[PDB]
Amino acid sequence: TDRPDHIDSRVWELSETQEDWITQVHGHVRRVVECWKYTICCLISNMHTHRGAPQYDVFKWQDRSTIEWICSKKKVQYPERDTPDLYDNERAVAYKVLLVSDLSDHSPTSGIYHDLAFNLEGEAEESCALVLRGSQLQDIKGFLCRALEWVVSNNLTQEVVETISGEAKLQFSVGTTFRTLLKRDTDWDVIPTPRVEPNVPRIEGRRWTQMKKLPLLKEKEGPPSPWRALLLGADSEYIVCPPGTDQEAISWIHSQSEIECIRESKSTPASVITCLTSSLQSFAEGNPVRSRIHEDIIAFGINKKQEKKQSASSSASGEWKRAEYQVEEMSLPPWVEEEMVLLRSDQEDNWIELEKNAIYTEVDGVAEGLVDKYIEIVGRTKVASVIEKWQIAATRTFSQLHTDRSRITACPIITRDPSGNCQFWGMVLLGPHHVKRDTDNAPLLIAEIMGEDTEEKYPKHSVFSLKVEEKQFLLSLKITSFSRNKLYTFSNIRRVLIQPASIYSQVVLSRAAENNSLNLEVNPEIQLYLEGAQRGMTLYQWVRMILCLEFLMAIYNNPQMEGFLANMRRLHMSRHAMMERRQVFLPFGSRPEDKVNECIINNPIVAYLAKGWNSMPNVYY
Amino acid sequence: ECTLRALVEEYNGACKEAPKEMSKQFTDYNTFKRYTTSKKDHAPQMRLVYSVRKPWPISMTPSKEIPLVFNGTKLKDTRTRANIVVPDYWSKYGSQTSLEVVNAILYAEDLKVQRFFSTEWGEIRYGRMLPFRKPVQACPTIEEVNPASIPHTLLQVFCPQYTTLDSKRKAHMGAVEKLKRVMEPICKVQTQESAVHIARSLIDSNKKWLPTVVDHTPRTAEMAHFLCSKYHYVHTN
Amino acid sequence: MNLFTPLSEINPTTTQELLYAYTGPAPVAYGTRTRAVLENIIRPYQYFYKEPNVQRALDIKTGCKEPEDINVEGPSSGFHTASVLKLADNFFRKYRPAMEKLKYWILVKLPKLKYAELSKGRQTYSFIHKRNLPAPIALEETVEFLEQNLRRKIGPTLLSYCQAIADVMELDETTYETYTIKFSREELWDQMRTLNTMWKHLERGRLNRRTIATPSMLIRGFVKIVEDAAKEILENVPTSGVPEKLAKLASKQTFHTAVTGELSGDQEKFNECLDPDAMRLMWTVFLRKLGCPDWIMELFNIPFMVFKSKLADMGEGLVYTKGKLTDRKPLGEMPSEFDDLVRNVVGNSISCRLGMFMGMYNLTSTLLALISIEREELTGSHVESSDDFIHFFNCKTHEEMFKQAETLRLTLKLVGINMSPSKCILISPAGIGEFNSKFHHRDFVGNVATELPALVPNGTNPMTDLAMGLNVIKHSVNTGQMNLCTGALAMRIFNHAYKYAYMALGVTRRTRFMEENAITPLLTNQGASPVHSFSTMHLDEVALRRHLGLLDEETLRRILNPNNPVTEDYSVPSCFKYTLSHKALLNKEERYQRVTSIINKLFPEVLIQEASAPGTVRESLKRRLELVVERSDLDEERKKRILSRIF
RNA sequence: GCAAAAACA
């Protein structure tokens with residue numbers, strides 16, 4: 001409660017923190033008793049001196065660092081859990097103020113310090129009389145009396161006696177009103193004591209069946225999925241340019257290019273070619289950022305939301321209903337196999353230029369040899385060049401959208417072959433991109449050099465005819481939006497190399513373990529199910545196709561892809577179990593293929609993986 | 001003394017400008033030690049490219065040893081903010097320190113380099129070998145120190161005056177004198193938090209889950225990332 | 001998919017790490033969470049009876065049901081009380097050392113827990129500013145509110161904080177206090193009950209997005225107490241998924257003719273079929289057989305009873321479309337598929353006694369599952385982490401194994417766990433399985449990461465970024481997720497990204513400045529050749545360069561000088577370890593920063609241990625400053641002059 | 001247009 005009358009303020013706010021009174025059984029009474037002890041300590045010291053310095057040091061409720069300093073002087077040392085309350089310079093001894101019930105049953109607590117005892121009605125132990133002065137004893141009398149009157153008046157005699165006898169006891173209390181609030185939404189008390197005999201009932205269950213044959217995934221029906229990635233992929237080409245800087249290459253392209261529309265798409269109108277030509281002209285002049293032209297409204301969707309809202313408001317009819325969304329079901333397109341076969345085609349250069357790490361030990365040499373050989377086998381491939389293009393384009397787009405501009409930024413996609421020549425894959429144009437959150441979409445107008453045009457594969461792309469010098473090239477424009485998170489993720493697209501490298505390294509190290517000798521020239525034969533038959537292919541091209549699949553999965557990642565993979569892990573495990581002549585058993589209502597089929601809706605590579613699974617044997621002997 | 005006067009003036013400033021904060025319990029320091037208004041960034045690596053390329057990326061304490069403009073390049077904003085090339089300038093035209101300070105700062109890190117280069121490597125053996133992970137002491141220490149006594153050992157080295165008898169008692173003696181001798185040039189008001197960090201790592205016996213083909217000594221545990229794997233084992237003499 | 005399934009020299013288990021989307025972007029949860037939250041809330045009310053009856057399940061307080069009510073052909077919400085009692089008793093009897101450690105933690109370590117550890121928690125909804133706030137700010141405002149309403153100072157221990165919460169819950173009126181925020185017992189109760197929901201971001205492997213709930217700061221102390229006790233138990237039981245355990249079971253050779261099987265599966269709707277009262281009963285049984293006092297029981301039972309009264313926020317509203325228009329409307333305004341729950345709407349929150357939410361009691365749910373495991377028929381090795389489990393059966397007969405698996409399913413159903421039939425697969429000969437992203441094949445357990453290492457600098461500063469990148473790659477190597485070639489390739493990719501992020505590649509302003517001023521590149525972040533090899537991932541950059549002669553003593557003294565204007569992460573301090581970069585909160589933050597700055601200078605020991613030292617900051621600083629002046633071996637006159645100015 | 005059970009423009 002509040003401060004007792006006899007205890008003065010200073011001791012009260014000194015004792016407020018010394019101990020956790022609220023968690024003690026009699027914390028208020030315990031605090032009052034400790035305040036009594038501190039007041040007795042202060043009365044014993046008072047205004048007394050020995051050799052010009054105070055005779056007593058009141059260690060109780062004093063800073064521990066100060067106590068240790070004072071003990072460093074005088075050459076004493078006291079543990080913190082048995083620290084005496086007082087130290088007397090006259091006798092060079094330390095005292096502890098103690099309260100007891102009777103003075104007859106008193107013994108020295110310990111040899112470190114002497115005991116000052118009081119029985120709570122004023123009188124003291126004979127040792128206290130032999131030590132303390134008459135005035136000090138009278139003051140202790142006059143405090144313990146008129147503290148006892150407060151004890152009796154509030155009827156705390158038993159609580160005080162309990163506090164004196166034992167030490168502090170921990171507790172935690174919940175009162176009536178909080179208890180009633182707690183009991184509102186349950187059928188039991190605060191401590192649940194249901195009146196039921198413990199028992200485990202016998203419940204009839206269903207029967208466990210066997211998955212004799214592997215599940216057959218569902219192939220969806222509908223229009224084939226168009227290409228819906230940020231960039232072109234396997235159909236990506238570059239224009240060889242004379243050696244120089246990016247500005248020189250862009251000027252060379254812009255000065256000797258004629259552009260005519262071949263195929264026009266309603267999604268990307270042919271009028272947005274003006275934006276790309278203006279960006280090329282500005283970049284050739286040294287300005288990667290240009291002002292806004294009229295076609296930039298359509299190209300980057302400026303003020304599109306505030307027009308669609310008015311269109312919807314004008315076209316308002318009927319009553320409100322819960323918005324049921326739907327995802328169009330699409331079938332496996334023919335272009336996925338073409339993309340896979342084209343991504344593995346060989347290239348002249350290496351396209352993977354990573355600085356080598358240091359080499360100090362033989363383990364480092366082995367690791368760097370493995371990495372070098374993996375780069376050799378997956379470098380001179382089209383998929384590596386496409387990964388490089390994706391990396392450069394995403395990095396340059398990401399690095400230019402933090403500014404929050406109102407103008408159009410141009411980010412050319414240019415590589416260098418090991419001869420100095422500039423390779424122009426295309427350019428990405430960034431709109432105003434007033435981006436608030438990391439998931440916000442930045443408007444883009446991507447131009448890429450196209451190997452071949454397919455309206456079925458690219459319905460939303462506008463394909464233009466591009467002629468430089470005497471060569472013919474195809475240029476594709478697509479209006480697109482793409483978030484900060486996804487652009488940052490694809491700027492680190494080189495991490496797709498890890499998993500094929502993991503597989504290659506595991507195969508090589510397995511061979512090394514078998515023969516107890518590292519050989520980086522191993523190109524073993526890997527048996528696989530191909531066109532529904534068991535033939536084999538070499539390690540190198542198998543790793544190439546794995547890298548192609550991983551790149552396609554990475555650029556086509558979405559909730560369907562991740563759900564499909566997470567639910568095909570179980571079926572892949574089951575298939576591997578059935579290869580080892582193991583039996584697979586399922587609970588009641590177990591349809592593992594349903595978890596996968598829920599995820600096959602319109603993803604081209606999910607469908608490609610599903611068809612690859614379906615062409616495999618479903619029963620093993 | 002200047003140090004005492006500086007401490008007093010800052011203390012009076014805290015009492016005046018932040019009275020309510022000074023009226024809090026001293027144990028509350030464990031709470032407002034990390035009292036930050038800024039929300040946690042789930043993707044801090046995603047801002048590095050922009051942050052490095054901003055004008056004046058680096059925040060610096062005001063000083064005169066760095067020119068405002070160095071060969072047509074403005075180094076500081078004239079707290080004050082520094083150009084990204086300021087650490088590059090300091091690596092060539094900066095103020096030097098004593099060799100003893102360098103040795104103490106590189107201590108517990110120079111030791112790891114010496115241990116790597118003072119050991120000889122056997123031939124790599126490739127085979128079907130199963131790395132099973134157990135918790136072992138990751139890094140060798142100057143003295144073997146029981147955990148939960150590491151903080152008490154640190155108190156004796158750094159602030160032996162601000163400690164109790166029991167904390168003094170439950171402290172590894174022998175490791176205090178080694179730590180005191182090697183940390184002496186950097187046990188000052190500045191780099192006190194750094195010197196504690198090197199002091200911890202010198203006697204920290206934390207256990208980590210590491211691949212094992214044979215039982216790792218503390219020497220081989222810090223190198224378990226290349227000593228063993230699923231397909232190879234390296235013998236250390 | 002056939003390309004991912006080899007038939008020679010390598011098995012599909014190793015290549016099953018290819019069925020991942022490491023490089024692709026993680027899915028983003030857009031827009032309202034109201035539909036997902038309402039679905040999560042309504043699932044327990046549809047699974048309480050075999051034939052769905054939401055209206056009859058909405059007036060159930062304690063999710064207790066008869067054994068005949070349990071649905072074996074579908075999901076079942078609720079628990080059987082006698083089953084819970086017997087299972088908890090069996091769990092207590094078998095794992096006796098774990099409960100002895102629980103008793104020691106309760107008696108010794110529980111009273112010493114400090115409520116400042118609540119500041120280390122994640123984001124918390126503030127009942128004063130009515131907004132989401134960082135954990136330190138919420139803790140500070142809650143403690144100040146408690147002190148204002150209780151006329152006393154809250155002790156540093158967690159028990160003192162919980163006692164303060166219990167005491168303030170008993171006041172008719174509470175205030176905050178210049179704006180005066182006025183509460184009531186019912187309003188403060190509602191804030192205590194309320195769960196703040198949000199999308200679970202950056203989650204992989206799911207077609208549908210999930211939501212998670214956060215407790216109020218008024219209940220997080222009790223939640224931390226119960227979760228710490230649950231962790232103390234789970235760290236000492238062999239059926240918990242915490243150490244290893246999967247590898248131990250994989251390497252355990254059973255017999256030569258025994259019928260040994262391996263069951264791998266997930267739990268369907270794990271948090272949507274759990275009732276807090278079952279955990280209350282389990283905890284009460286544990287404490288009662290431990291001999292704990294009644295106040296321990298009350299302390300452990302408060303959290304789950306508050307959860308039984310939860311007021312989970314139902315997002316921003318349900319999406320409605322007239323034509324092409326889109327509107328966001330609360331539940332109950334117009335008909336929807338959640339019209340049964342309209343009667344439970346309290347403001348923008350909805351009350352729901354049954355079911356739980358993900359991210360609230362992860363360890364107590366695991367404990368409930370593990371006590372469900374404890375039977376006489378289930379003589380098999382079980383390991384489980386929340387909703388993911390693996391079970392090993394060592395039987396002598398296939399029918400015996402099948403009966404044990406069915407008994408496992410039913411005994412999980414007794415408390416409402418309901419493993420997913422389509423996600424649980426049992427292999428008749430043991431030796432192939434999966435559990436918690438570890439893939440087991442014969443005498444090999446392969447840890448496959450759910451997320452590939454970022455291979456990008458963390459964004460603090462070049463030395464720390466290099467240190468943590470190398471440490472992440474080294475940890476990936478240690479877990480087995482990476483090997484020699486993979487580790488070195490990751491190092492090279494990280495090195496390229498690290499150099500690019502710090503203007504060390506091509507021609508930039510930094511490289512131009514270094515070239516014009518003849519500043520040779522001596523560090524990796526400066527464009528120098530990388531000094532780290534695969535075997536030297538654990539070595540610092542400043543070292544290993546002095547040793548190899550790439551850094552001379554002059555530049556070492558120049559960059560390691562502590563007086564530089566710019567200044568586990570085992571990176572030595574250097575000039576390259578720099579730093580790049582709510583009305584009444586910023587000023588309070590800067591005042592607290594100044595108060596922190598005066599400490600760590602007068603108190604060297606707070607850098608080693610906690611603050612302790614009972615008392616307030618003012619007089620503690622006062623007396624420490626007095627002591628340091630008095631023990632400064634200076635003249636008496638100077639000491640007196642200095643102390644005369646200390647006020 | 002990007003996206004996928006609803007946001008960005």
Side-chain angles (χ1 to χ4, degrees), chain A residues 225-231 265-269 272 275 296-312 321-330 397 401 404 406 428-446 458-462 477-487 490 555-564 598-603 606, chain C residues 24-40 198-199 201 206-211 315-321 324-329 336-338:
Chain A
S225 289
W227 174 273
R228 264 194 38 200
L230 177 73
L231 299 172
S265 167
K266 186 180 289 293
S267 297
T268 312
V272 303
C275 313
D296 282 331
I297 301 299
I298 279 165
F300 298 110
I302 304 178
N303 273 314
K304 173 56 65 179
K305 174 197 284 191
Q306 63 84 30
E307 293 294 328
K308 284 182 49 171
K309 289 185 182 293
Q310 326 189 351
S311 178
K321 77 150 163 72
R322 279 274 295 123
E324 69 275 16
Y325 295 119
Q326 70 276 17
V327 185
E328 189 182 354
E329 289 200 323
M330 293 184 207
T397 315
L401 58 86
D404 197 304
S406 65
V428 58
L429 307 184
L430 174 66
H433 70 281
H434 187 13
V435 176
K436 278 159 265 292
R437 298 153 290 271
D438 288 7
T439 63
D440 273 14
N441 273 349
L444 298 178
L445 177 59
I446 297 171
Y458 303 113
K460 295 176 176 157
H461 290 242
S462 279
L477 290 174
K478 184 179 185 293
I479 288 164
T480 188
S481 297
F482 211 82
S483 66
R484 189 189 294 270
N485 278 90
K486 286 176 177 187
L487 279 170
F490 284 123
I555 65 181
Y556 270 89
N557 199 32
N558 54 45
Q560 316 183 23
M561 181 64 74
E562 293 180 354
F564 171 92
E598 182 186 358
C599 303
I600 307 169
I601 316 169
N602 51 359
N603 184 293
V606 160
Chain C
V28 167
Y30 315 81
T32 57
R33 63 190 181 276
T34 302
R35 191 211 47 81
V37 168
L38 290 180
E39 177 80 55
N40 198 280
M198 71 159 153
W199 283 121
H201 307 135
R206 293 181 63 86
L207 175 70
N208 295 117
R209 317 275 72 73
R210 297 197 283 181
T211 59
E316 306 94 324
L318 279 188
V319 177
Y320 281 74
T321 178
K324 298 293 183 182
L325 303 152
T326 298
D327 199 1
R328 265 167 155 200
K329 304 167 169 297
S336 62
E337 68 273 17
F338 302 112

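As a basis for the values below, the full set of heavy atoms in this structure was taken, side chains included, without hydrogen atoms, waters or symmetry mates. Below, chains carry the letters A, B, ... as their sequence lines are ordered, and counting in each starts from 1.
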ask   = Between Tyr320(C) (OH) and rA6(D) (P), how many Å, whole number?
value = 11 Å
message = Does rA9(D) have OP1 or OP2 under 4.0 Å away from a side-chain N or O of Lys304(A)?
response = no
inquiry  = I'd like to know if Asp440(A) reaches the base of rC8(D) with its side chain, counting only an N/O donor and acceptor under 3.5 Å.
reply    = no
ask   = Does a donor on one side chain and an acceptor on the other come within less than 3.5 Å for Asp404(A) and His434(A)?
value = yes
ask   = OP1 or OP2 of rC2(D) sitting under 4.0 Å from any side-chain N/O of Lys460(A)?
value = yes
For atom CG of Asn557(A) and atom P of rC2(D), their distance in whole Å = 17 Å
Candidates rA5(D), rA3(D), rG1(D) - which lies nearest the side chain of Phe482(A) = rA3(D)
task = Measure from CG on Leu444(A) to P on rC2(D) and round the result to the nearest Å.
result = 11 Å
ask   = Picking from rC8(D), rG1(D), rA5(D), which would you name as closest to the side chain of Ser267(A)?
value = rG1(D)
query = For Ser481(A) and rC8(D), is the shortest distance between a side-chain N/O and OP1 or OP2 below 4.0 Å?
reply = no
query = In whole angstrom, what separates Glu328(A)'s CD from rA4(D)'s P?
reply = 15 Å
Nearest-angstrom distance from the residue atom CD of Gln306(A) to P of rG1(D) = 18 Å
Strand RNA chain D in bracket notation, Watson-Crick/G-U under 3.5 Å with | for pairs to another chain = (......).
query = What's the CG-P distance between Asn603(A) and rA3(D), to the nearest Å?
reply = 11 Å
ask   = Under 4.0 Å between a side-chain N/O of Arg228(A) and OP1 or OP2 of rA3(D), yes or no?
value = yes
query = Looking at residues at least two apart in the chain, or sitting in another chain, which of them share a side chain to side chain contact (heavy atoms under 4.5 Å, CB included) with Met198(C)?
reply = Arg122(C), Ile212(C)
ask   = Which nucleotide sits closest to the side chain of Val319(C): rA7(D), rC8(D), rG1(D)?
value = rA7(D)
message = Measure CG/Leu430(A) against P/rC2(D) and give the value in whole Å, please.
response = 17 Å
key: Whole-Å gap separating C1' (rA3(D)) and CG (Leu230(A))   = 13 Å
message = As a test of reading the structure: which of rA5(D), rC8(D), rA4(D) is closest to the side chain of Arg437(A), going by heavy atoms?
response = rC8(D)
Under-4.0 Å salt bridge between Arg33(C) and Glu316(C) = yes
key: Given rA5(D), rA7(D), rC8(D), the nucleotide with the shortest approach to the side chain of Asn208(C)   = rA5(D)
inquiry  = Less than 4.0 angstrom between a side-chain N/O of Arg328(C) and OP1 or OP2 of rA7(D), yes or no?
reply    = yes
request  = Could you tell me whether the phosphate oxygens of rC2(D), OP1 or OP2, come under 4.0 Å of any side-chain nitrogen or oxygen in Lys478(A)?
outcome  = yes
task = Could you give me the CA-CA distance, side-chain angles and deciding distance for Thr439(A) and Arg484(A), then say whether side-chain contact (heavy atoms from CB on, under 4.5 Å) is met?
result = CA-CA 6 Å; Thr439(A) 63; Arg484(A) 189 189 294 270; over 6 Å; no
Whether over 12 other heavy atoms sit under 6.0 Å from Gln326(A) CD = no
